[PDB]
Amino acid sequence: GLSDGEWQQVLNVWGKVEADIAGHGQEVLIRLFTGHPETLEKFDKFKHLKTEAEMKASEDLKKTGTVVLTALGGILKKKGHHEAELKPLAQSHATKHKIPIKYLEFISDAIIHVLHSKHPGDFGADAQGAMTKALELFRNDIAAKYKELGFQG
Ligand code: HEM
């Protein structure tokens with residue numbers, strides 16, 4: 001999917017996320033959750049959250065943001081060589097959590113969103129470029145694993 005000039009850009013950018021993994025992860029789930037409320041319903045431990053103050057105020061969400069961004073970061077550093085790390089992922093979201101690929105689209109968008117909000121002006125057009133393709137490659141490989149499982153819905 002990507003050139004290493006592009007990989008280069010992705011890890012450049014992930015350097016931003018790693019300086020504050022907990023904050024980045026919190027705002028991603030908040031951007032996910034507030035924009036597409038049906039997504040909250042897939043989490044039984046965040047179901048109670050009703051307002052953004054509550055989410056904001058929730059320590060368990062900051063926690064889940066770190067797990068999520070820690071796992072993706074683990075995949076991105078593989079530079080597309082991630083069958084081993086993604087299968088387990090795709091299996092769990094399809095069979096156990098029942099997560100529609102559309103939701104993986106929403107969170108992909110939510111990361112691009114967040115990044116511009118936290119780093120206005122230092123999230124280059126080129127960087128957006130690389131990051132979007134990287135998220136697409138991630139999403140595409142999951143989509144395939146999802147097809148195998150007939151995880152239609
Ligand atoms: C970049 C995308 C994502 C990554 C890297 C990610 C990562 C993870 C990891 C590492 C776990 C725990 C281990 C496991 O169950 O496999 C997990 C659990 C879970 N994920 Fe995701 N996830 C992603 C997207 C999503 C989305 C979009 C949703 C729903 C809109 C979601 C819903 C859940 C749920 C419900 C669980 C179980 C939560 C619990 O522990 O109670 N995930 N995810």
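As the structure lists them, so they are numbered: ligands from 1, and atoms in each ligand from 1. Along the sequence shown, the residues carry numbers beginning at 1. Heavy atoms only: backbone and side chains are in, while hydrogens, waters and symmetry mates are out.
Closest approach of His24 to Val114, counting heavy atoms only: O-CG1, 4.2 Å. Summarising the geometry of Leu29 relative to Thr64, their closest heavy-atom pair is CD1-C, 4.0 Å, with the distance given to 0.1 Å. Shortest non-hydrogen contact noted between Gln26 and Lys62 is NE2-CG, 3.7 Å. Shown here for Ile142 and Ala90, the closest heavy-atom pair between the two residues is CG1-CB, 4.1 Å.
Near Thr39, meaning under 4.0 Å from any of its heavy atoms, are these atoms of ligand 1: 30 (C). Atoms of ligand 1 found under 4.0 Å from any heavy atom of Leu104, numbered from 1 in the order shown, are 2 (C), 24 (C).
Closest protein heavy atom to atom 32 (C) of ligand 1: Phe43 CZ, 3.2 Å. Protein heavy atom nearest atom 30 (C) of ligand 1, with residue, atom name and distance: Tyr103 CD2, 3.6 Å. The protein heavy-atom contact nearest to atom 35 (C) of ligand 1 is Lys42 O, 3.2 Å. In terms of protein heavy-atom proximity, atom 41 (O) of ligand 1 is closest to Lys45 NZ, 3.5 Å.
Using modelled atom types and a 3.5 Å distance limit, the side chains of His116 and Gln128 yield a donor-acceptor pair. In summary, the side chains of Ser108 and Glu105 do not present any donor paired with an acceptor at a separation below 3.5 Å, with no hydrogens or angles considered.
Every pair passing ring-ring contact (aromatic ring centres under 6.0 Å, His included) that includes a residue from residues 126-153 is listed here, sequence neighbours excluded: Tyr146-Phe151.
Put simply, atom 13 (C) of ligand 1 has no protein non-hydrogen atoms near it, under 4.0 Å away.
For atom 21 (Fe) of ligand 1, the set of protein N/O/S atoms nearer than 2.8 Å consists of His93 NE2, ordered by chain and number.
Between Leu2 atom CG and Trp7 atom CH2 the span is 4.5 Å, to the nearest 0.5 Å.
Counting heavy atoms closer than 4.0 Å to ligand 1, residue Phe138 contributes side-chain atoms (C-beta onward) but none from N, CA, C or O.
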- Step-by-step side-chain contact (heavy atoms from CB on, under 4.5 Å) determination, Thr51 to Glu54: CA-CA 5 Å; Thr51 75; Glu54 332 209 25; 2.7 Å; yes

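Heavy atoms from other residues, nucleotides or ligands lying under 6.0 Å from NE2 of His97 number more than 12.
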